[PDB]
Amino acid sequence: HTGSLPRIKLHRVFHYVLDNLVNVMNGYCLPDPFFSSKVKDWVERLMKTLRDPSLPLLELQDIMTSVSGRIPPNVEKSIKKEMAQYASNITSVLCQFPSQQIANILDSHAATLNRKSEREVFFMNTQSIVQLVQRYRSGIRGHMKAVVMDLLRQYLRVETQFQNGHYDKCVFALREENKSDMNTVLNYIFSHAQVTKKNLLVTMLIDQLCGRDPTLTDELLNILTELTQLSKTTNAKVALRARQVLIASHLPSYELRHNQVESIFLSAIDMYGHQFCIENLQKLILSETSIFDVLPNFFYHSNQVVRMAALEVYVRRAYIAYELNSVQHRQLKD
Amino acid sequence: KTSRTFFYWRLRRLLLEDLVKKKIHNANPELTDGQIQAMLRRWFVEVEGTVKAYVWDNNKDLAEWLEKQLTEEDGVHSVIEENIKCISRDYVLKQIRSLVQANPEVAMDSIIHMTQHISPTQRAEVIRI
Amino acid sequence: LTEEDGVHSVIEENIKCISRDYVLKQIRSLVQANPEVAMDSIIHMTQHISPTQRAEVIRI
Amino acid sequence: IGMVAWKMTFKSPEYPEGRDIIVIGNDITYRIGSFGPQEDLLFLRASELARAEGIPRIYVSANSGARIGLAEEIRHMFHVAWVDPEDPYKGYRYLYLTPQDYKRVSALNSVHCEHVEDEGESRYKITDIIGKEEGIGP
Amino acid sequence: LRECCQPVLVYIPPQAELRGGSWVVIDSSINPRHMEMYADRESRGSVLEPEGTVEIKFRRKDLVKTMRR
Amino acid sequence: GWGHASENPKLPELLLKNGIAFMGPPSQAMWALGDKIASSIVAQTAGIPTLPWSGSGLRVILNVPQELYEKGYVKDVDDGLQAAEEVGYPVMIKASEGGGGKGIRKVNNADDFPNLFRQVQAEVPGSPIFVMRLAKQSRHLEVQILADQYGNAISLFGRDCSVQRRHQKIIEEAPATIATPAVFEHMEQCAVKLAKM
Amino acid sequence: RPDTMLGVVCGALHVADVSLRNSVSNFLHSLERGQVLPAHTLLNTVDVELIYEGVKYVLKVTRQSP
Amino acid sequence: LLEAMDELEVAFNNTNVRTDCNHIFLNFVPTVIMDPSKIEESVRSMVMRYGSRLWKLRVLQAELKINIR
């Protein structure tokens, strides 16, 4: 009656997983809850592997392998050296693409050739290299912003023309957006069917991003500053989530604030028997900041004081209501 | 007969490229005349989509186009503006990194003052590394 | 002028000192325009006497 | 090429520990010391190294200025499209190549022509002469 | 001209001419970043004005050879 | 015949200009119909579906205007990389003046694209280049058309050229038994409309 | 002949394509003319019930990406 | 509110009875400084943005606190 079936390049791992994702994330439809498992592997592998500077070697490999010829060798031997020494200097903390260096060398031979239109073999050599760097000139990092930034606006463009008043009258504006053809309309019409599913899922893109945003970038915050304005019942948390982004720029939401309580606490705490952080203890109990995330995580940390300190404030942060006339830490069996 | 019409836009456009490269060059004085152009062509070709590259050989259209990127403040056009800062940051970044390499003794005293304000979590980050 | 790579005078130490001093202010000055670079600069900045130098920031 | 250059180091009264100079000179026997791209390029580029250190440049000048020339492939095949060939003094309109003969330089970026029928004959009007000899142009 | 810092577009108008030294001294090469040259249907430019190109290229061969072929 | 000037529109042009007949369509009709970009625009002018390409929706005795025509092609490698992304990979870089499988390259990802564009340039230099979506494995069918100089154009039957090996048409069949009887009446008239128009 | 679970799978995708054929053809009605169709009719989610040997093949077919 | 209303959407889906006096209780336990009547407008704007939705939700009762001074 029943049946279940277990039945099933890094250059491509980046690009490929993304291509799957843009069909996923154009708004195809999500079949089940189980999806919410699928994205974490996809997206931590992505975010983490997009910082990973072993991508460009394969990206400078792959265009430059299929265009190894047709090439002016002065510019080629210089650039092909420096990929080799992109490769030698990889795994350094301070490795950035040598865009202007590779670009300038070509412009040594653009300085002499480029005034002449003698250049259509050369055009595909003076473009193909500037296009390698064009994925990556500002590093993986401006681009990894831009790309996620674009796709989020991709969600937006489709779904902003779609609703402006009410679905019916608006569909004529959709009809009229692409009067000549309606195939573009079909992806449009198809996209907005599962917006509500989509809406939580937009948070994902920003969520691990925002995990280490907190001082990111104005041209982006501009796009972000658009996000607070989202004005619909379904997109009202998400709209409000922009605020969650806009505030965590002050008060962050990752291991750094796990570090922040760690920092403040271990620094603040006396760590003798005195342990006089009563003002901070009342600041924990009259904390503008919520301090139940990691403080409970630490009153069982490996640090005997942080046991003691964090633990009694947790007590006190529980029983803030009752009157406490004695609290002694004991240290038993061992 | 029509060379004037052509030349006006042409001369004005020669200037914008020159004008922006001085801005990038202002962002980073060590930069050569030649390499800035590639960056510019690439920044030109990139922003509008590699598809709009060909437009570059039309004097008039770029005159209209470059100003909008530069002129329209706080839009989604402040891309080159963000980009030029990166080179400025990069050239600046190279100096801070380079001076200790050339002058490691300056590091200790330089950091205490340099590190003197950043978030406490960031203070935590120095301890982890 | 004549004794190249000889013994230096009092002011010669000073002239190197202003030159040395002047480079130092620039990093301080450089962070003022771009303080965000400060933090990341430290990992790179510390490559000298590093364990003592990390310790000094913690004391302060 | 028609230019030669060396770096020289010598001890002199004024520089008893030594001084450097650059000496460049035309060879009047090579193209009456004219300035071809190679002559211009060695001189210029030799100076570029000289200038990097701020040191002097000595040039021995005996020359005929920039290189001049015409496209040999065309001299032996251009034809004159006379108003009347049987009397040249009635003027000419243009120079040209026969089509077979054009079909040979044509592959080689020597001239730019357009096919034309004129005065009965079929001609290839020479619009630009490009010239297989490198170094005889602007 | 070496010190110019903004665009210069040079145009030789019809029936005018610019030769040898005047061309050499205003070529875009000194500052390619900033110089540009444009030419009319009716313009011209060379290393040498006609007498001196010819003086070299008006040896025995060219008069006879051109008639002879 | 095939190859050489069989697809060069200048041949009937100069021949017609000189009063010499051409046993094929005249220059104007051969370029606007032999060239895939121009022919797809003519097909579109006739109202015949075409596979997704940079020039879907384009239309206007016919002539394909450079402004309309210029949307179907990718003037350079730069224009090509962008076209390939809308339809979605895999795409085909195709020389618009290519005949018999000449000037065609398959692109699986944006990184391979520049050389594939460069190969098409080297294979067919001077020819404009366009990018189109590679349809899924389907039946490739042909309608043989015959038209006179007075507006009468007819259908006979078809040929199946779906069967290919290394870009060579290997097997042909006549009639097209695969299609539905209702579908066949429409297919004969569309092929005929394009010729008559 | 087939292998059961491929059978069930490709079964599912045979029934799907057919169900999908309707959904595709339903799109071509409303949008060519301009009818503003409700999202649901396009059918990713498909429910195939295929009784082989009395013991049922239980399937769903969801279009997940073009 | 949306997450809750999704859950409560499931509550409709799972079992339906025409619920009547639905309650929202929010305890803001921090202690901010503000006035009461623009706060009253604040909660007005809050509850109002969802209109019919409230009646679907059959919202009849809501309590918040927020410590001020």
# chains A, B, ... in the order shown; residues from 1 in each chain; ligands from 1
$ closest_atom_pairs --of "chain F" --to "chain A" --cutoff "8 Å" --atoms "only C-alpha atoms" --output "Markdown table"
| residue | atom | partner | partner_atom | distance |
| --- | --- | --- | --- | --- |
| F:57 | CA | A:181 | CA | 6.2 |
| F:77 | CA | A:124 | CA | 6.9 |
| F:78 | CA | A:127 | CA | 7.8 |
| F:111 | CA | A:63 | CA | 5.2 |
| F:112 | CA | A:63 | CA | 6.2 |
| F:114 | CA | A:128 | CA | 6.6 |
| F:115 | CA | A:67 | CA | 5.6 |
| F:118 | CA | A:124 | CA | 6.8 |
$ write_last_selection --atoms "N, CA and C atoms" --output "PDB file, in the first residue's frame"
ATOM      1  N   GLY F  57       7.950  38.374 -29.538  1.00  0.00           N
ATOM      2  CA  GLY F  57       7.054  39.515 -29.644  1.00  0.00           C
ATOM      3  C   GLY F  57       7.289  40.447 -30.826  1.00  0.00           C
ATOM      4  N   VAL F  77      29.717  39.911 -26.914  1.00  0.00           N
ATOM      5  CA  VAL F  77      29.744  38.888 -25.870  1.00  0.00           C
ATOM      6  C   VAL F  77      28.975  39.412 -24.668  1.00  0.00           C
ATOM      7  N   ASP F  78      29.139  40.701 -24.388  1.00  0.00           N
ATOM      8  CA  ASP F  78      28.466  41.346 -23.270  1.00  0.00           C
ATOM      9  C   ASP F  78      26.948  41.214 -23.393  1.00  0.00           C
ATOM     10  N   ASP F 111      29.932  30.736 -17.335  1.00  0.00           N
ATOM     11  CA  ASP F 111      31.390  30.726 -17.420  1.00  0.00           C
ATOM     12  C   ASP F 111      31.898  30.194 -18.761  1.00  0.00           C
ATOM     13  N   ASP F 112      31.209  29.217 -19.350  1.00  0.00           N
ATOM     14  CA  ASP F 112      31.595  28.675 -20.655  1.00  0.00           C
ATOM     15  C   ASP F 112      31.214  29.623 -21.790  1.00  0.00           C
ATOM     16  N   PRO F 114      31.514  32.882 -22.742  1.00  0.00           N
ATOM     17  CA  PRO F 114      32.366  33.792 -23.539  1.00  0.00           C
ATOM     18  C   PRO F 114      33.101  33.095 -24.670  1.00  0.00           C
ATOM     19  N   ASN F 115      33.712  31.939 -24.421  1.00  0.00           N
ATOM     20  CA  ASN F 115      34.381  31.231 -25.507  1.00  0.00           C
ATOM     21  C   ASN F 115      33.409  30.697 -26.535  1.00  0.00           C
ATOM     22  N   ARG F 118      32.856  33.369 -28.628  1.00  0.00           N
ATOM     23  CA  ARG F 118      34.082  33.547 -29.405  1.00  0.00           C
ATOM     24  C   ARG F 118      34.232  32.472 -30.471  1.00  0.00           C
TER      25      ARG F 118
END
$ residues_around --residues "residue G:33" --least-positions-apart "3" --cutoff "12 Å" --atoms "only C-alpha atoms" --output "PyMOL selection string"
(chain A and resi 175+179+181-182) or (chain G and resi 26-30+36-37)
$ interface_residues --of "chain F" --to "chain G" --cutoff "12 Å" --atoms "only C-alpha atoms" --output "PyMOL selection string"
chain F and resi 87-89+136
$ residues_around --residues "stretch 133-137 of chain A" --least-positions-apart "5" --cutoff "9 Å" --atoms "only C-alpha atoms" --output "number ranges by chain"
A: 56, 60, 96-100, 102-103, 128, 142-143; B: 39, 42-43, 46
$ interface_residues --of "chain B" --to "chain F" --cutoff "8 Å" --atoms "only C-alpha atoms" --output "ChimeraX atom specification"
/B:49-54
$ closest_atom_pairs --of "chain A" --to "chain H" --cutoff "9 Å" --atoms "only C-alpha atoms" --output "CSV"
residue,atom,partner,partner_atom,distance
A:232,CA,H:49,CA,8.9
A:233,CA,H:50,CA,7.1
A:234,CA,H:2,CA,7.4
A:236,CA,H:2,CA,7.9
A:237,CA,H:2,CA,6.8
A:286,CA,H:30,CA,6.9
A:287,CA,H:30,CA,7.2
A:288,CA,H:30,CA,6.2
A:289,CA,H:30,CA,8.8
A:290,CA,H:30,CA,9.0
$ write_last_selection --atoms "N, CA and C atoms" --output "PDB file, in the first residue's frame"
ATOM      1  N   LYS A 232       1.161  45.265   4.506  1.00  0.00           N
ATOM      2  CA  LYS A 232       0.082  44.301   4.332  1.00  0.00           C
ATOM      3  C   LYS A 232       0.062  43.241   5.405  1.00  0.00           C
ATOM      4  N   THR A 233      -1.138  42.692   5.605  1.00  0.00           N
ATOM      5  CA  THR A 233      -1.392  41.818   6.739  1.00  0.00           C
ATOM      6  C   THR A 233      -0.382  40.696   6.786  1.00  0.00           C
ATOM      7  N   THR A 234      -0.148  40.063   5.640  1.00  0.00           N
ATOM      8  CA  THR A 234       0.837  39.002   5.612  1.00  0.00           C
ATOM      9  C   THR A 234       2.238  39.564   5.768  1.00  0.00           C
ATOM     10  N   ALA A 236       3.656  42.019   7.437  1.00  0.00           N
ATOM     11  CA  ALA A 236       3.584  43.041   8.471  1.00  0.00           C
ATOM     12  C   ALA A 236       4.612  42.699   9.541  1.00  0.00           C
ATOM     13  N   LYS A 237       4.870  41.404   9.732  1.00  0.00           N
ATOM     14  CA  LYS A 237       5.983  40.982  10.571  1.00  0.00           C
ATOM     15  C   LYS A 237       7.265  41.222   9.826  1.00  0.00           C
ATOM     16  N   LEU A 286      16.267  44.718  35.825  1.00  0.00           N
ATOM     17  CA  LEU A 286      15.718  45.941  35.281  1.00  0.00           C
ATOM     18  C   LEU A 286      16.626  46.194  34.091  1.00  0.00           C
ATOM     19  N   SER A 287      16.576  45.238  33.173  1.00  0.00           N
ATOM     20  CA  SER A 287      17.411  45.271  31.994  1.00  0.00           C
ATOM     21  C   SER A 287      16.568  45.706  30.830  1.00  0.00           C
ATOM     22  N   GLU A 288      17.004  46.778  30.184  1.00  0.00           N
ATOM     23  CA  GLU A 288      16.337  47.148  28.960  1.00  0.00           C
ATOM     24  C   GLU A 288      16.578  46.024  27.978  1.00  0.00           C
ATOM     25  N   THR A 289      17.811  45.505  27.985  1.00  0.00           N
ATOM     26  CA  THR A 289      18.226  44.355  27.197  1.00  0.00           C
ATOM     27  C   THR A 289      17.652  43.073  27.799  1.00  0.00           C
ATOM     28  N   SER A 290      17.167  42.151  26.977  1.00  0.00           N
ATOM     29  CA  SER A 290      16.712  40.883  27.513  1.00  0.00           C
ATOM     30  C   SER A 290      17.943  40.025  27.677  1.00  0.00           C
TER      31      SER A 290
END
$ closest_residue --among "D:117, D:133, D:53, D:72" --to "chain E" --atoms "only C-alpha atoms"
D:72
$ atom_distance --atom1 "atom CA of residue A:104" --atom2 "atom CA of residue B:91"
15.9 Å
$ closest_atom_pairs --of "chain E" --to "chain B" --cutoff "10 Å" --atoms "only C-alpha atoms" --output "JSON lines"
{"residue": "E:5", "atom": "CA", "partner": "B:18", "partner_atom": "CA", "distance": 8.2}
{"residue": "E:6", "atom": "CA", "partner": "B:15", "partner_atom": "CA", "distance": 6.0}
{"residue": "E:7", "atom": "CA", "partner": "B:15", "partner_atom": "CA", "distance": 5.5}
{"residue": "E:8", "atom": "CA", "partner": "B:11", "partner_atom": "CA", "distance": 7.4}
{"residue": "E:9", "atom": "CA", "partner": "B:11", "partner_atom": "CA", "distance": 6.4}
{"residue": "E:10", "atom": "CA", "partner": "B:11", "partner_atom": "CA", "distance": 9.9}
{"residue": "E:11", "atom": "CA", "partner": "B:7", "partner_atom": "CA", "distance": 9.4}
{"residue": "E:31", "atom": "CA", "partner": "B:33", "partner_atom": "CA", "distance": 9.4}
{"residue": "E:32", "atom": "CA", "partner": "B:33", "partner_atom": "CA", "distance": 8.9}
{"residue": "E:33", "atom": "CA", "partner": "B:33", "partner_atom": "CA", "distance": 6.3}
{"residue": "E:34", "atom": "CA", "partner": "B:18", "partner_atom": "CA", "distance": 7.3}
{"residue": "E:35", "atom": "CA", "partner": "B:14", "partner_atom": "CA", "distance": 9.0}
{"residue": "E:36", "atom": "CA", "partner": "B:14", "partner_atom": "CA", "distance": 8.6}
{"residue": "E:38", "atom": "CA", "partner": "B:7", "partner_atom": "CA", "distance": 9.0}
{"residue": "E:39", "atom": "CA", "partner": "B:3", "partner_atom": "CA", "distance": 9.8}
{"residue": "E:40", "atom": "CA", "partner": "B:3", "partner_atom": "CA", "distance": 8.7}
